[PDB]
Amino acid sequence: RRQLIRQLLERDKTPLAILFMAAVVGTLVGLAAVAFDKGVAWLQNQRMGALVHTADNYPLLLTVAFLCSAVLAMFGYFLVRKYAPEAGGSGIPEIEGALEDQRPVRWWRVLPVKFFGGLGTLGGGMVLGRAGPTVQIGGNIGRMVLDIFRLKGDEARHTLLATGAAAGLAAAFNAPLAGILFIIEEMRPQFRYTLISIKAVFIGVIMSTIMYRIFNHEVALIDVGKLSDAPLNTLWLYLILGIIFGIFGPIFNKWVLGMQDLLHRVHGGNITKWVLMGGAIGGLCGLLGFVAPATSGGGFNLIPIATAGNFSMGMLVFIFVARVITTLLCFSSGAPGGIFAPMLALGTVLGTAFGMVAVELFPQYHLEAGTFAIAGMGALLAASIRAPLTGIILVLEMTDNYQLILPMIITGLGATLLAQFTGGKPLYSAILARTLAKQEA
């Protein structure tokens, strides 16, 4: 007891050196994030101009569309397989491992690998997000200054590694709160105590977000507008949607896991078969990005369009199925790039679908399908990743429809609850487990 009375009076006294270093980590992760974003944009831009250069010969234009992405994909898979294999896929499981001191942070390798590697896969127009990449990059950034300035202690190692990962998500979504929440709900060691200074994570998230604001102000990633409210007697519809995501989550979770295996056979581990396959998948996305751009790319483009209800039911069913396919294909191939953001697009689409059915069945509720999209936007994040609080706060930060907080929380729970009751597991912890097991086998 007297230990506590001594501990309480000493509470929240983070070492000033940690606080200062947190500020520099966040700043670097910020600029890094901004540069990554501007980079991906530029390559997506040139590819678009290349199709204009040949905007008459359809079979030819269908080729440079394929090749330009196929090449950039290959350059991505290659940079990973050759210099940093831990820089493939998401990057979040790896950093989550780092916090458990069960994986290494080879920043001298992963930073240029993840940055330029993702720069090719993303810039090529594959179904992957900036989320994971920037989170991993940020963690390595944090590890970098730790080494350079030679800060010692478990606290400094865990903290700077955390403020880096947090500041990374924040700069990739312009979502400060969501970044901080990710670390304390998901990223940090889930089964034991740790010395991660929250105050320091904050200092990093600010500076990172600030940097992002210096370069990307005036425009939002997702503008949905201010939608209608949700009557109390309409809330049960949100629980049902949550239950639908709740059973689909685990199923989607097996698919991403299983497809990693099936795609691993195609190359067996060989750097050449793999990279070549990467160009096949990546090249497919560049082609799909011209013949049906809704089935390829980040997916952020069709969120506002879905929410406004500008899609038909068929197009929604199409976009969903098509994106499930191209998401598994891209992420379970080992390419540098996350699944986080493309699940936002997947959730938004499924929600709008549910909302549309809801509108016709209940004209007495005066429904707007867009409200079920916003509820379901972070529902796949809740059912598959199993971090609902972060997903809910994230969507709130991006869509700014706070008057829908109750639907968003209820759908989010109905996902997480049924995800558990159907044997699903946190994807990020299921991957780190898969990786930690192949390590001791």
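Start at 1 and count along the sequence shown; that's the residue number.
> Mean CA temperature factor from the deposited coordinates, higher in 394-402 or in 37-45?
So the stretch with the higher mean C-alpha B-factor is 37-45.
> Quick one: say whether 147-155 or 358-366 has the higher mean Cα B-factor in the deposited entry.
The recorded data point to 147-155.
> Which one of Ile137, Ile206, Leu302, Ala292 shows the top CA temperature factor in the record?
Highest CA B-factor of the listed options: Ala292.
> Based on what the PDB entry reports, which of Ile409, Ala373, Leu60, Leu31 has the top C-alpha B-factor?
The record points to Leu60.
> Can you work out whether the C-alpha temperature factor of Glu100 puts it in the lowest, middle or highest third of the chain?
For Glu100, the deposited C-alpha B-factor lands in the highest third.
> What third of its chain, lowest, middle or highest, does the C-alpha temperature factor of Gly225 fall into?
Lowest third.
> Place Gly334 in the lowest, middle or highest third of its chain's C-alpha B-factors, as listed in the PDB entry.
For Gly334, whose C-alpha B-factor we compare with every modelled residue in the chain, the answer is the middle third.
> Where does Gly125 sit by CA temperature factor within its chain: lowest, middle or highest third?
According to the entry, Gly125 has a C-alpha B-factor in the chain's highest third.
> Check where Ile18 lands among this chain's C-alpha B-factors and tell me if it's the lowest, middle or highest third.
According to the entry, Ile18 has a C-alpha B-factor in the chain's highest third.
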